[PDB]
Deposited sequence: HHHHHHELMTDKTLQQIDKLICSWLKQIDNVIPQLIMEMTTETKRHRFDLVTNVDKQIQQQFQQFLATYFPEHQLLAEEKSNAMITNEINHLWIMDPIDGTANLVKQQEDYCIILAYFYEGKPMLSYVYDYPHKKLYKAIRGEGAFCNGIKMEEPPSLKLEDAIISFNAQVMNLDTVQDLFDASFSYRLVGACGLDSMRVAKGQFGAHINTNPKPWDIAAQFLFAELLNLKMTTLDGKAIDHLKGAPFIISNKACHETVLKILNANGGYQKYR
């Protein structure tokens, strides 16, 4: 009811990042700083600062989980698809997810480069540039195209996943690979090691569209934590898990 309010403000914010990204892309560099393995840039740090400030201006009580039992929580990946941002300047996205007392309420994956807004509102629907998304038609794995990082599983399980499925594509940002699943464009997407902000938005998309979104053990995921994960068409979920979990695991070593 006042979700309409919060949506109006988020949309105002996403619209104005338009006029802040191209200057940040043109003056772009990388930092290794404050990070074990992952790459960060000046773009995402700024979009974050910008969203923290949005939170300060409008929702002084709301808290930001970004780079337990709190009532108003936002989880943000200012730039999902960092390698893509740096190397291609395409196929990155901004992910925001809103949780009221642990229940997902609003979600956003904004594909800036292609100008596409995915949003999920509880009690309204899921939306892609204001056109309503519905439950994708049933996809069985041999009919489905799937998406995963192939450098990160033993080469043997990659080859079963190749064989069980129609084909293989990779976009390289969780949010974007996940949305393709949501649109019926892919059968499933797998991330073996997600950060919370990499997957946060997809809970609500998954719920409203009847997607299967689980850990790779098939168990339900804690949105504050994140585990190795799959978002899938309901018709190829069990087949994917089953392949991933055969012959002592999909892990790359041993």
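Undergrad: Could you give the ranges of the deposited sequence that carry no C-alpha coordinates?
TA: Coordinates drop out over 1-11, 79-86.
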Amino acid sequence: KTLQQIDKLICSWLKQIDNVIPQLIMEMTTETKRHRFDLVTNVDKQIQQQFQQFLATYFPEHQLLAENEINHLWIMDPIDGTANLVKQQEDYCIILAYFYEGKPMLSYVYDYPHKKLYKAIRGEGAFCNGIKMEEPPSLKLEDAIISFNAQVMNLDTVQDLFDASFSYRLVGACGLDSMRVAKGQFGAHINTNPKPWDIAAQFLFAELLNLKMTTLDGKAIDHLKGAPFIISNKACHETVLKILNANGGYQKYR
From here on, numbers count along this sequence of modelled residues.
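Undergrad: Mean C-alpha B factor from the entry: is it higher for 92-100 or for 68-76?
TA: Result of the comparison: 68-76.
Undergrad: Read off the CA B-factors in the entry, average them over 112-120 and over 149-157, and name the higher stretch.
TA: Taking the mean B-factor of the alpha carbons in each, 149-157 is higher.
Undergrad: For residue 210, does the deposited CA B-factor place it in the lowest, middle or highest third of the chain?
TA: For residue 210, whose C-alpha B-factor we compare with every modelled residue in the chain, the answer is the middle third.
Undergrad: Once the chain's modelled residues are ordered by C-alpha B factor and cut into thirds, is residue 196 in the lowest, middle or highest one?
TA: Bottom third by C-alpha B-factor.
Undergrad: By the record's CA B-factor, is residue 56 among the lowest, middle or highest third of residues in the chain?
TA: It belongs to the middle third of the chain when residues are ordered by C-alpha B-factor.
Undergrad: Can you tell me whether residue 132 has a C-alpha B-factor in the lowest, middle or highest third compared with the other modelled residues of the same chain?
TA: Middle third.
Undergrad: Hey, what third does residue 216 fall into on Cα B-factor, ranked over its chain?
TA: Residue 216: CA B-factor falls in the middle third of its chain.
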